[PDB]
Each structure stands twice: as C-alpha cells, then as structure tokens.
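What follows is one structure encoded as structure tokens, with my remarks underneath.
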Amino acid sequence: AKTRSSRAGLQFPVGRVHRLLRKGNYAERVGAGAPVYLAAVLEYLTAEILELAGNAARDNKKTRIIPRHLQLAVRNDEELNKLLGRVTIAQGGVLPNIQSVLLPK
Amino acid sequence: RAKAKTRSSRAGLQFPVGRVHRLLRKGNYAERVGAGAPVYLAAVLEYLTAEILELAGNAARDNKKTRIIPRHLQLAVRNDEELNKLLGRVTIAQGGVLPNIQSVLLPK
Amino acid sequence: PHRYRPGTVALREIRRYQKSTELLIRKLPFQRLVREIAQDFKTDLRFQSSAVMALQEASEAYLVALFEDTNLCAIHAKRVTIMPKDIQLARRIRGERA
Amino acid sequence: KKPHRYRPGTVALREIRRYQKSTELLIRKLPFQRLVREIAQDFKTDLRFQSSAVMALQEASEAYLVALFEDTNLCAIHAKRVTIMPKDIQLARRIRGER
Amino acid sequence: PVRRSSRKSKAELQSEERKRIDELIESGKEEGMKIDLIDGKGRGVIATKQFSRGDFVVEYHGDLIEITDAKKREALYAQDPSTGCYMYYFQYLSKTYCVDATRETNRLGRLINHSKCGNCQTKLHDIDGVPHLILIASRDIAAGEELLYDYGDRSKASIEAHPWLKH
Amino acid sequence: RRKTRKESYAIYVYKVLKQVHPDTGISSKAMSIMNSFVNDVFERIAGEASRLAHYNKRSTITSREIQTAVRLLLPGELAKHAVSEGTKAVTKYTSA
Amino acid sequence: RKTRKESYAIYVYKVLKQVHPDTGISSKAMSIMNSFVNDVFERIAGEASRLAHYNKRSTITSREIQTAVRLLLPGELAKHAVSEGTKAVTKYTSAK
Amino acid sequence: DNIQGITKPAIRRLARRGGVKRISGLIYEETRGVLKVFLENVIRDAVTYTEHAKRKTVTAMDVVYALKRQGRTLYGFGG
Amino acid sequence: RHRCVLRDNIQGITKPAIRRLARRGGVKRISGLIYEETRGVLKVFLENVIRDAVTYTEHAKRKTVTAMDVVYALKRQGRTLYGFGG
DNA sequence: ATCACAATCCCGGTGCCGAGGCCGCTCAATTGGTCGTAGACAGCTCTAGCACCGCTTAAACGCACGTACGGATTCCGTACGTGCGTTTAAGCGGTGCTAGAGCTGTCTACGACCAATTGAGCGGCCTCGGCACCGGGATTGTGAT
DNA sequence: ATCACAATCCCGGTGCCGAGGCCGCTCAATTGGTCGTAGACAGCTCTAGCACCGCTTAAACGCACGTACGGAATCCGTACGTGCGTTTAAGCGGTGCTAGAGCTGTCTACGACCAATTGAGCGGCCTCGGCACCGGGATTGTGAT
Ligand SMILES: C[S@@+](CC[C@H](N)C(=O)[O-])C[C@H]1O[C@@H](n2cnc3c(N)ncnc32)[C@H](O)[C@@H]1O
C-alpha cells in the first residue's frame, strides 16, 4: 500500500491530483486529505458516467464506448445532464426526440 | 532617500497601482506578478470606472439630479451596448429596469 | 360616471413601475418565505437583514427578467396575455427547465 | 400508372430520425475551412489553422446551431406553427441572452 | 479639463463607415488609380497611392439587370467573339441579379483583370435595397501594383477559353 | 524523435471502466472525452475550493473545502453520493 | 478601534471628480461601483492567470493583462482600455 | 404556506416592471413555483457557504457568493 | 460565355447543410428565409470564437491557431468542448 | 373635431439626514539593494500545415408541382382588468435579550521542503477481435387502390 | 380494407486498424524527517438578529361588471417539401515545400524578498445642502360626445 491511492482504496491517482492541486495556484498549501477526497469524487463521477455509457453501449449491442454513448449517458440522466449542461461532447450527436406536435396524425 | 512618488502618479492614474499589485500577489493568481501588470490593470480599471461614471453622470444630469444613485448606474450600463454586454450577467441593486414597452402593447 | 378602458391603467402601471427602483414584494412575507425555504437545508438559521435584502434584490431582478422573456414569448404567439406556457418556454430556452 | 410520391412531411420525419441517430458532421469540411479562414483573416493576417482546430470549430459550430434550431423549433411550436421562421431564431437568441 | 474619453459605439462606427463608403458609390470619385497596358491583359488598373486593408478601391459600376435579360445578353456576347465578356452575376437576399459593363464607358471597375492570388475582393453594399458591387483591397497595397481579383469562374468550360489560373 | 511527456487520465478511467463494465472497452475518442471530463471537473472543483479558501481567509484546501465544493457543484443525488464516497475514501486513508 | 475595510471609494470618487466635477455619488451607488471594480479586477486577473497557465508561464506580465482585457471587454471597450493601459505602462516605464 | 405571502398584486407588479400588459390567472401559481425554485437553488448554496464558514448566520456575503456561483452576480452588498 | 460571379465563403454553408442541421434539431418544416438568417448567426458565432481563439494565438506568439486555442475560446464563452483537449 | 376629467408634471419651502470635507494615526506602499531564476533570444529539427493536381462521385443546385400550412377574418364566451368597500397584515417605532459573530492568545498538529529510492506510468510495438462495409432476405411504414 | 413499394432491420463474410496488452525507462510519487506556522480551540466582548407589542394606515382581497381578447373554425394563396436531372466541387490520395512549433542552451534583467521609513487612506467627527415630501396651479393623455 505504498501509493496513496491504494491506501485510500481508489483507482484515480491521489498523488497526481495532489501535484495538480499544488501546481494549479489554488492556495499556497493543500491538505493531506484534499487530494484523496478530490480523487474519490473524480473517480466516482467517472464511474457514474461510465456505467451509463456501458449501458448505452449494451443497448446499441456494442462492446466499446464511443462519444455517442457518452453523450447518451450524460443527457439521459438529469443530474449528469445538469452537471454537463454547458458542455458539448465531440461526435456525440443529440438525443433522439421528435416533438409530439410534429408526428403525423 | 528620495521622495516617495507612489506608482499611480508615475503612470498618471488615480487608481492605486500599489494596491492592485498587492491584491494580485495576495490573490494567488500566479507565482510572480510583473512590474507593469498592476499598472496596466489599474489603468484598465480606471478607464472602465471613468466610462461607467461618465455615463452615470450623464444619466443623473438628464434626470435633473446632481448625485449618482444606483438607478443612474443601471441606466448607464443598460443604455451603453458594450457595458451592457460586459455587465450582462450582473444585477445592480436598486437599479430597476430600462423604461421600454413593446410596440404591440401600446394602443392604436 | 368615469371608468378607464381596460389596458390603459396597465400601461400607466408599467410606466410607473419601470420608472421606480423600489422593491415590489413586501419584505416580511419574502423574509418568511426565505426562512421557510432555508429550514429545509439547515435548522435554526439566522439571516442578516442585508442577506434577506440581497435575496429580495436578486429574486425580484430574476422575476422581472423572466417576465420580460415571458412577454416576448407571449407576443411571439400573437398574444398580449402572458400564460404559464410562456414562462415554461422562456425557462426552457434559457436552459433552466429540462 | 401514377408515379409514387411521399406526402409532404414524412421524408422530413425520416431525415430527422436519421440525422438524430447519426453523429457525422452535417456541414461540408472544406467550405467550413474556407469560411473559418476568411472570417479569421479580419483578425490576424497570414494565420494558420491546425486540422484539429477547424475540427473543434466545426463541432462547436454544429452543436451551437443544433441547439439553436431546437430552441427555434420550440419557439415555432409555441406560436402554433410547424415551420421555423427567422423571428423564431430571433426570439430564441433574445431569450438565450445572445442578443 | 473635464476628461471624457471619446468612444464611438459599435452602432455609429459602421454607420460612420456605411456613409463614408457610399459617398464613392453614388458619386464617381474614382481617384488614386490610373489606366495602363499589361502584357497579355490589355487595359488594367494601377494603384498610384498606398492602399490599406479595408480601404475602398473602386466600384464595379454598370447596368443592374435581372437574370431573364442576363441570359439573353450572355448569348448575344457568346455569338459575337469581339464583344467580350464584361458581365458579372451576383446574389442578393433571396434573388439573383447581375451587372452589365459591356458598354464602353469611363467607369473603371470594369477594366480590372483576373487573378486567383490577387490583392482585392468584391463585396456587396446595400443602399435602400439597391446592391452595388465594390472592389476592396484585401491587404496593404503600395503604389504601382496592378489591381487584381478573382473572377469567380472555376468552371470546366470557362477555363478552356481563358486559362489564366496563376502567374 | 522521443516526443515529450504528456499527462492524462487514460489508464485510471480505463481501470474504473474495467471495474464497472469488465467486458466493455472504450475508444480513443471516448477516452479523450473522459479525460476532458475529468480535467474539467477537477478544475471546477479545485476552483470552487480555492474560492472557499479565499472567502473564509483560509490558506489551505482541506477535505472540508473539497466537500463543500462538491456540494456546491454536483446537483441532487450526485452531491450526496460523491460526498459519501469521498468521506469514505478519506476515512480509509486516515485509518491506514 | 480596528474594523478597517479595504475599498475603492476614494479612487472612484477621484475619477468621478475628473470626469464629472460638479456631481457626486451616493453610498449605495459607491458600493455598487466598488463591487463593479472588484468584479472586473477579479475577472481580468483570473483570465490573466489562465493565460499564464496555458503558456506555462509563472508570471503575470502586462502582456497577458492586456490579453485578458482584450478577451473580456467587448470590441471598442477593449481597444480603448488597451490604449489607456499601454499609455499608463509607457508613462510608468519612462519614470523608473 | 409562506409561498402565498408573495401575493397576487406582487406578481402583477413584477410583471408590470417586466412590461407585461395582461396577465393570465394561472400565472401566479407558476410564478410562485418559479420563485420557490430559484430561492431554493440560491439558498442551498448560501447555506452551504455558511456551513463551510461554520456560521449559524446566513450573511449577505454568502448570498452574493451563491448568486455569483450561478452567474447572477449582485452589486451593492459587499461583493 | 463565362459565369462571372462573386463567391463568398458564407454560402459554403449550403441550404441542404442548414436543412440537415435543423433536422438534427428536430425541425420538420423550414422557412426559406431561415438559411440566410442562420448563415448570419453562424458567422456571428464564428466571429466570436475565432476572435477569442486568435487572441490566444496572439498571446502565445504563435502563427498557428491550434485546437487547444479553440477549446480555450469556447470554454471562455461557457461552451466547453470535450474530446479535443490534450 | 370637441368636451370635461383624473392622472401626471412643475414650481417653491423645509427639514434632515446622508454626503462631503478635515484630523490623527497606522499600516501598507515606497525606496533601496541581493539573489536567483523565469524568460528572451538565438539556433536546430522535423512536424505538419499549405498548395497543388485528377478523378470519382456524393451532394448541391435548379426546376415543376401540388399540397400542407401560414395567415387573415369572424365570432363567441369567458376570463381578464378596473373600481369599489372591507380585512388584514405589512411597517414603523420601541423594548429586551441573548445567541452568535468577531477578535485575541496558545500552541499543537499539519503541511511545505528536501534527499534518495524506486516502481507506476509513460511511449513504442505488435496483434487480433470489434467493427464498418456489403450483400442478401425478411420485415415494416406509407400511401393509393 | 390490400398491396406495391421504398425504407429499414437483421443474418453473416470478411478485411481494417485501432484498442489492448507487454516491455524498457525514467521521473515523479513515496518515505522519512525537520521546521515554521495555520488554524483549532478557549475565552471575552458586544452586535445585531430574533422575539414581542401596539397602532396605523397602505396594501391585499373579495365581488361586480363588462369589454377585449384568446381561441377555434374557415378559406385562400403560397411557398416549401419532394422528386428528378444536371453540375460542381468535396473529398481522397499522393506529392512536395517550407513555416514555424517545439525543444535546448545561455545569459540577463526582473521580480521576490527583506529592512527601514513615511505618508496616504481610513476611522471618526462635524456640518450643511440636495433630495424627498408636501401643497397649489399648469398640463395632458383619455374616454365619452
Ligand atoms: C473584366 S474584362 C477585362 C477588360 C478587358 N479584358 C480589357 O483589358 O480591356 C475580362 C476579360 O479580360 C480577359 N482577362 C481577364 N484577366 C486576364 C488575365 N489575367 N490575363 C489575360 N487576360 C485576362 C478575359 O479574357 C476576359 O474576357
């Protein structure tokens, strides 16, 4: 358990997040638990998007995540869509929806 | 020693170059802050303040008043297209809104 | 007797309230609403008078801008009355509503 | 025998479905190159663009226009119409805060 | 000293530029240029004074015509080889229009040669719904250069008759 | 030859994906998008934590600053679950 | 005793007296002007910090203060603010 | 029950400042809901700021910080 | 003969391309006056982003507008773009 | 066009409080000199952006047609606005309190910094399965019979 | 309603190339220790936020009434979608050229930093005039003639 990420039970790099916080000009000091906490949050959000992306890939009977699957995952979940509401994902397309007034009667 | 002439007077500015330099250093924006960076930033701040105050004073004199109130600042910002773009997502307290009614609503 | 035609008093009122900067929502009901809302998030919360005043400033500015967008939506629909669908359209275009 | 012709609109629905299912860029690449270079020549003469730079501009532009057209369609439906008209785009951009 | 900075809004600068440009449109004040003979090109335009980018160079003046007369006159010029092709199409709002400059006059926007690597471009200018096509410098031009622009004919058959791509 | 070092979250996003979907892969474009997402969220949370430190006259980012930043940024259940799992991570880190 | 707060009140007042000698400003309007100066300072300084971080520079010079000014303020404001800033930096350099 | 403290004439005045000539009868409840949503969104952030400061009082600075986090910066309250 | 006509690059965003962009937004029916209008708006959008982009290129003392510069210009306008970083 | 008529605008007095100016201090901006390192500048590499040429053909363009729809008109009923009188609760002003915000003083745990160690993560390479393209059969939405 | 019939979905065949896994290196994360100091906390002060009470109108509310307008139905013209045939220029790919993006080295001048100084700004205080409210004639859209 030499690496801090292994100590914290995380896959994201606690040490690299610590270095980025130290070099990012946020404050002159960064606590010991701040990189651990931020890495945990980052890997949680990564897992949350990747699970829905894998679900979209399965719905498309594909075994690889592509930008389309990430876009579908982000825009399908309301909270993820709110978190990523002001971003555009390259080669992601848009959600398939035709307005009910547009559908023929 | 020599006479202390500050740094706003060196650049001909009213805004405090030294205070802007101190805020830049203490704002933790970068490891180092250039000598001319506070001068430039203070000059830009002074120019923007001068523009806002000029338009606000014009608005106040238009309303037969000699004191700038928040309403005059709001009128100055929202009447100037560029300042309105700069302060688009900015709410001015006790400023109200521009007097404008859509043409369709007026009686014919 | 005397009776103004409908709409003219509305225009007079529009000019009146677009000339003034005074807050339109009564302060005590707004403060009670703020306290009730904040009770959900943290109990036994005190509010600075300036804090409630800032909340009222922001709330009234937001509602006024929203009503301006709502008026534009209503005029777009060849209407003069603003309807709840106009508010919904304005909020959806602004991106607040899903 | 009278030749077959689809009723107006159903081909539009099919185009909507296919272009919402796909992710390929809808603006031609080289015309977008030319427009970007011509519009960037008012800012700095003798510029160069990375291929990925114009790629990013095209993706961004496309996404912007698709969102704008979705808002425009909503503004059209609000006006009890199915056609999108220029006034719909003007209203959408006025509400979004661009104008 | 009542220091009040003068900052023209981005609503008067283009207004003070539209009327500063159209005052060479309705007028024929075509100064700063001369007529010369260029090898293989015949009559051409030479700049006698320095031009910066965005500076108005010369208006392409002629008879404003519709497409229905445009095609007939194009056929007429095709029949007569010595007449030449001085005509020039364009689009405006939702309709196409054209300018005819075949009639030999003192207008000098018609006497400009062609080049894909030229120094000027043609732009539209609307005056009360009336289009006018104006050649404007694309970059800083010193005096003595020949004025050139792109004829906008990258067609297969046009190149057959006049194959002056570059150099 | 021997181009310079470039830092990215590719391997960690891959490990997280393999933990969640062990038989699902990710393309280079989708991996780049995941990297951009991680960088964007890291920058956003770190900026909010810096704002929290500057607002309260504190010169350090602690786990509490990052927790408050996450509560500010992520909406709804996202904030709750991110806070819970970050607290679990800091607890496990301090335990060992 | 103590209770000392930093503000741009006197500087906004001085520039007002330069631009409109025969007018004054109220406490609420002065507070709004102070908030405007703070907001613009923070915005330009943040953009300058981002500019320095993008180009791997650890110093905020006048060049990226100018670049931040050009980025934030719209067209004619950007041009005239750049003019004023360059004039001030030239005067400051000519008085070392 | 305090949401009804934002009375019908208050909504009418807010619409008048927005330039609205005629107001539908269902506008009032929709506007009350919109104001409630906006207030909850701002107040949550403000109370988060107070919690981080370990304060039991929601100050004006916390409110303006909450507004600024949403891109609705407020001038005139110490920002 | 000849087909002498001015070419401008804004027309490179053709009418069918605009139609496709509107279809992806879910539009059944399009007025003929949309195209020019939306052409204009595209130009406006470009006039913003590229300007910001080129400003970045001016600060780095580069003659090439890189993808990262466009990403920064978009992120400035609250239009963050994923997949082009790095 | 013509009429009175409530609502607005204007001019003048008054108080009165918030703005504008002055005094002392103190804390920060200034002056001066050192150090070291971030950055400017010069030089080299080689990457990739630009530019061209040919051909294929997918797509854009141009045209004829008809039909779905945008838009103007008309009318009906209701749901708004406007004004009245009654209720109510906002607001002002005053009093009491006390919880908590803000400051101070100790100091202890905590984080930056440094030397050295090494292994996690980078790039480069290979390789083979997911996937794109394609062809064919079956199934399906659509619109006229 | 039934059936062409154009469109789409589903079954593999097969080649492509890019995702993934392995190996070498290397440099950045880790470990251990030192030291300065940031903020955790304990206590004091005293500010203002809360709670209550009592009139006092300004404001809200409930009702009546009628008028404008929202919305539905109808008819008409037009303009846009659909398909077809032509053209055109997008795209691919292949080849060169050289501009400059990126990296490396040096040397330097520029900014952090420290110490001592003093003066500008801020808190505090006074005082005084401009703005808000009252009160009376001038005016001006406004609704009925
Ligand atoms: C606009 S007219 C120019 C006026 C006319 N050619 C003269 O010189 O008086 C275009 C005609 O000039 C010729 N032309 C245009 N550009 C040329 C060039 N670069 N070299 C030779 N001939 C050119 C073409 O043959 C075309 O028919």
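How things are named: the first chain in the structure tokens is A, the next is B, and so on; residues count from 1 in each chain; ligands count from 1 in the order shown.
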Determine, counting only C-alpha atoms (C1' of nucleotides), which protein, DNA and RNA residues have an atom within 10 Å of an atom of residue 49 in chain J; residues of the same chain fewer than 6 positions away are not included. Present the result as a list in words.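 Counting only C-alpha atoms (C1' of nucleotides), the residues come to residues 48, 49, 50 and 51 of chain D; 64 of chain I; 98, 99 and 100 of chain K.
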Just C-alpha atoms (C1' of nucleotides) for this one: save the residues we selected as a PDB file, in the first residue's frame.
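Final file, out.pdb:
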ATOM      1  CA  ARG D  48      -2.619  29.068 -39.960  1.00  0.00           C
ATOM      2  CA  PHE D  49      -5.073  26.559 -38.522  1.00  0.00           C
ATOM      3  CA  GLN D  50      -4.413  23.091 -37.202  1.00  0.00           C
ATOM      4  CA  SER D  51      -6.680  20.473 -38.727  1.00  0.00           C
TER       5      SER D  51
ATOM      6  CA  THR I  64      -0.971  28.760 -35.992  1.00  0.00           C
TER       7      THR I  64
ATOM      8  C1'  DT K  98       8.941  25.242 -46.134  1.00  0.00           C
ATOM      9  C1'  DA K  99       6.913  27.923 -41.871  1.00  0.00           C
ATOM     10  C1'  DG K 100       7.069  27.590 -37.767  1.00  0.00           C
TER      11       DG K 100
END
Give as a short mmCIF file (atom, residue, chain, number, x, y, z; two decimals) with N, CA and C atoms, in the first residue's frame the residues surrounding ligand 1 up to a distance of 9 Å, considering only C-alpha atoms (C1' of nucleotides) and all ligand atoms.
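Now in selection_36.cif:
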data_model
loop_
_atom_site.label_atom_id
_atom_site.label_comp_id
_atom_site.auth_asym_id
_atom_site.auth_seq_id
_atom_site.Cartn_x
_atom_site.Cartn_y
_atom_site.Cartn_z
N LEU E 37 -1.38 49.57 -69.69
CA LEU E 37 -1.40 48.39 -70.55
C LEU E 37 -0.51 47.31 -69.96
N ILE E 38 -1.08 46.13 -69.74
CA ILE E 38 -0.37 44.99 -69.17
C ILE E 38 -0.28 43.91 -70.24
N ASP E 39 0.89 43.29 -70.35
CA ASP E 39 1.10 42.28 -71.39
C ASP E 39 0.11 41.13 -71.24
N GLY E 40 -0.50 40.74 -72.36
CA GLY E 40 -1.49 39.69 -72.38
C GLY E 40 -2.83 40.05 -71.77
N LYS E 41 -2.92 41.14 -71.00
CA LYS E 41 -4.15 41.51 -70.32
C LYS E 41 -4.81 42.76 -70.89
N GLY E 42 -4.08 43.57 -71.64
CA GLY E 42 -4.68 44.78 -72.21
C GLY E 42 -4.82 45.85 -71.15
N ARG E 43 -5.95 46.54 -71.17
CA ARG E 43 -6.21 47.61 -70.22
C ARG E 43 -6.29 47.07 -68.80
N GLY E 44 -5.64 47.77 -67.87
CA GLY E 44 -5.62 47.36 -66.48
C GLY E 44 -5.48 48.56 -65.57
N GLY E 84 -16.75 40.62 -76.23
CA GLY E 84 -16.14 40.38 -74.94
C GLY E 84 -17.16 40.08 -73.85
N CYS E 85 -16.64 39.64 -72.71
CA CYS E 85 -17.45 39.26 -71.56
C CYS E 85 -17.11 40.20 -70.40
N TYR E 86 -17.91 41.25 -70.22
CA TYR E 86 -17.72 42.24 -69.17
C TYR E 86 -18.81 42.15 -68.11
N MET E 87 -19.66 41.13 -68.20
CA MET E 87 -20.85 40.98 -67.39
C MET E 87 -20.53 40.17 -66.13
N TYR E 88 -21.32 40.34 -65.07
CA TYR E 88 -20.90 39.81 -63.77
C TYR E 88 -22.11 39.58 -62.86
N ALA E 101 -21.40 45.57 -67.86
CA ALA E 101 -20.44 46.63 -68.11
C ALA E 101 -19.83 46.53 -69.51
N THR E 102 -20.53 45.87 -70.44
CA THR E 102 -20.01 45.72 -71.79
C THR E 102 -19.93 47.06 -72.52
N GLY E 109 -14.22 50.27 -62.89
CA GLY E 109 -14.25 48.98 -62.22
C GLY E 109 -14.34 47.82 -63.20
N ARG E 110 -14.78 48.10 -64.43
CA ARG E 110 -14.90 47.07 -65.45
C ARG E 110 -13.56 46.67 -66.06
N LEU E 111 -12.56 47.56 -66.01
CA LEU E 111 -11.29 47.35 -66.69
C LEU E 111 -10.27 46.61 -65.83
N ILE E 112 -10.72 45.79 -64.89
CA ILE E 112 -9.84 45.13 -63.94
C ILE E 112 -9.66 43.67 -64.36
N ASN E 113 -8.41 43.20 -64.34
CA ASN E 113 -8.08 41.86 -64.81
C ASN E 113 -8.39 40.84 -63.71
N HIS E 114 -7.92 39.61 -63.92
CA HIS E 114 -8.24 38.47 -63.05
C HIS E 114 -6.98 37.88 -62.46
N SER E 115 -7.09 37.38 -61.22
CA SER E 115 -6.02 36.64 -60.57
C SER E 115 -6.54 35.91 -59.34
N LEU E 148 -5.93 43.43 -58.96
CA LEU E 148 -6.37 42.12 -59.43
C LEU E 148 -7.35 41.52 -58.44
N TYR E 149 -8.25 40.68 -58.94
CA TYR E 149 -9.20 39.97 -58.10
C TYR E 149 -9.57 38.66 -58.78
N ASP E 150 -10.41 37.88 -58.11
CA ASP E 150 -10.85 36.59 -58.62
C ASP E 150 -12.17 36.76 -59.35
N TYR E 151 -12.20 36.37 -60.63
CA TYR E 151 -13.42 36.50 -61.42
C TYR E 151 -14.54 35.59 -60.93
N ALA E 161 -11.43 28.52 -72.53
CA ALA E 161 -11.21 29.72 -73.34
C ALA E 161 -10.13 30.61 -72.73
N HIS E 162 -10.17 30.80 -71.42
CA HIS E 162 -9.29 31.76 -70.74
C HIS E 162 -8.53 31.03 -69.63
N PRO E 163 -7.43 30.35 -69.95
CA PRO E 163 -6.68 29.56 -68.93
C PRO E 163 -5.59 30.33 -68.18
N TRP E 164 -5.96 31.47 -67.61
CA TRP E 164 -5.03 32.23 -66.78
C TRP E 164 -5.27 31.98 -65.30
N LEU E 165 -4.91 30.80 -64.82
CA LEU E 165 -5.05 30.49 -63.40
C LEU E 165 -4.16 31.38 -62.54
N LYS E 166 -2.84 31.24 -62.67
CA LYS E 166 -1.89 31.94 -61.83
C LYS E 166 -0.63 32.21 -62.64
N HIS E 167 0.09 33.27 -62.25
CA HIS E 167 1.35 33.65 -62.87
C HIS E 167 1.22 33.83 -64.38
N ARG I 1 -19.61 34.03 -73.20
CA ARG I 1 -19.73 32.91 -72.28
C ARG I 1 -19.38 33.31 -70.85
N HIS I 2 -18.68 32.42 -70.14
CA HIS I 2 -18.22 32.63 -68.77
C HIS I 2 -19.37 32.69 -67.77
N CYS I 4 -19.15 34.64 -64.68
CA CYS I 4 -18.59 35.59 -63.74
C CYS I 4 -19.55 35.99 -62.61
#
Mind listing the strand (DSSP E or B) residues of chain H, per DSSP on the backbone, as a PyMOL selection string? chain H and resi 22-23+57-58+73-75
Any idea what's packed within 8 Å of residue 2 in chain A, counting only C-alpha atoms (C1' of nucleotides), ignoring anything in its chain fewer than 4 positions away? Could you give it as a PDB file with C-alpha atoms (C1' of nucleotides), in the first residue's frame?
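Final file, selection.pdb:
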ATOM      1  CA  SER A   6      -4.030   2.183  -2.805  1.00  0.00           C
ATOM      2  CA  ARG A   7      -4.157   3.419   0.793  1.00  0.00           C
TER       3      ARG A   7
ATOM      4  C1'  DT K  30       6.671   7.796  -1.853  1.00  0.00           C
TER       5       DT K  30
END
Applying 7 Å and only C-alpha atoms (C1' of nucleotides), which residues near residue 34 in chain I remain after dropping the ones on its own chain fewer than 3 positions away? List them as a VMD selection string. (chain D and resid 85 to 86) or (chain I and resid 30 to 31 37 to 38)
If you take only C-alpha atoms (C1' of nucleotides) and a cut-off of 10 Å, which residues of chain D touch chain J, and what are their nearest atom pairs and distances in Å to one decimal, in chain and number order, as a Markdown table?
| residue | atom | partner | partner_atom | distance |
| --- | --- | --- | --- | --- |
| D:2 | CA | J:144 | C1' | 9.4 |
| D:4 | CA | J:143 | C1' | 8.5 |
| D:5 | CA | J:143 | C1' | 8.5 |
| D:6 | CA | J:143 | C1' | 7.4 |
| D:7 | CA | J:143 | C1' | 7.9 |
| D:8 | CA | J:68 | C1' | 7.2 |
| D:9 | CA | J:68 | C1' | 8.7 |
| D:10 | CA | J:142 | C1' | 8.8 |
| D:28 | CA | J:59 | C1' | 9.7 |
| D:48 | CA | J:49 | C1' | 7.1 |
| D:49 | CA | J:49 | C1' | 7.4 |
| D:50 | CA | J:49 | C1' | 6.9 |
| D:51 | CA | J:49 | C1' | 8.1 |
| D:80 | CA | J:70 | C1' | 9.9 |
| D:81 | CA | J:70 | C1' | 7.7 |
| D:82 | CA | J:69 | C1' | 8.2 |
| D:83 | CA | J:70 | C1' | 8.3 |
Write the residues you've just listed into a file as a tab-separated table (two decimals), in the first residue's frame, and include C-alpha atoms for each of them.
chain	number	residue	atom	x	y	z
D	2	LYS	CA	-49.10	7.36	-61.47
D	4	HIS	CA	-45.11	7.26	-56.26
D	5	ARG	CA	-44.55	10.38	-54.19
D	6	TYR	CA	-44.50	10.63	-50.41
D	7	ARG	CA	-46.85	13.02	-48.65
D	8	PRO	CA	-45.08	16.25	-47.62
D	9	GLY	CA	-43.50	15.81	-44.21
D	10	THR	CA	-42.83	12.08	-43.85
D	28	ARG	CA	-19.10	20.15	-45.50
D	48	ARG	CA	-2.62	29.07	-39.96
D	49	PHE	CA	-5.07	26.56	-38.52
D	50	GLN	CA	-4.41	23.09	-37.20
D	51	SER	CA	-6.68	20.47	-38.73
D	80	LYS	CA	-48.92	27.29	-33.08
D	81	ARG	CA	-46.74	26.66	-36.15
D	82	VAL	CA	-44.66	23.85	-37.59
D	83	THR	CA	-42.44	25.97	-39.86
Hey, which of E:137, E:130, E:76, E:117 ends up closest to chain I? Count only C-alpha atoms.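 When distances to chain I are compared using only C-alpha atoms, the smallest one comes from E:76.
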With distances taken over only C-alpha atoms (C1' of nucleotides), the candidate from K:67, K:57, K:145, K:95 nearest chain C is K:67
Please identify every residue of chain F that has at least one atom no farther than 12 Å from an atom of chain G, counting only C-alpha atoms, and for each give the shortest atom pair and the distance in Å to one decimal, arranged by chain then increasing number, as JSON lines.
{"residue": "F:43", "atom": "CA", "partner": "G:50", "partner_atom": "CA", "distance": 11.3}
{"residue": "F:47", "atom": "CA", "partner": "G:46", "partner_atom": "CA", "distance": 10.6}
{"residue": "F:51", "atom": "CA", "partner": "G:42", "partner_atom": "CA", "distance": 11.4}
Output file for the selection above: C-alpha atoms, as a PDB file, in the first residue's frame:
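In the end it all went to part_29.pdb:
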ATOM      1  CA  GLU F  43     -10.586  22.268 -12.482  1.00  0.00           C
ATOM      2  CA  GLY F  47     -11.518  26.464  -8.411  1.00  0.00           C
ATOM      3  CA  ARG F  51     -12.832  30.317  -3.788  1.00  0.00           C
TER       4      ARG F  51
END
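For the set C:80, C:46, C:90, C:53, the residue with the smallest atom-to-atom gap to residue 101 in chain J is C:46, counting only C-alpha atoms (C1' of nucleotides).
Relative to CA of residue 58 in chain A, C1' of residue 138 in chain J is found at 24.6 Å.
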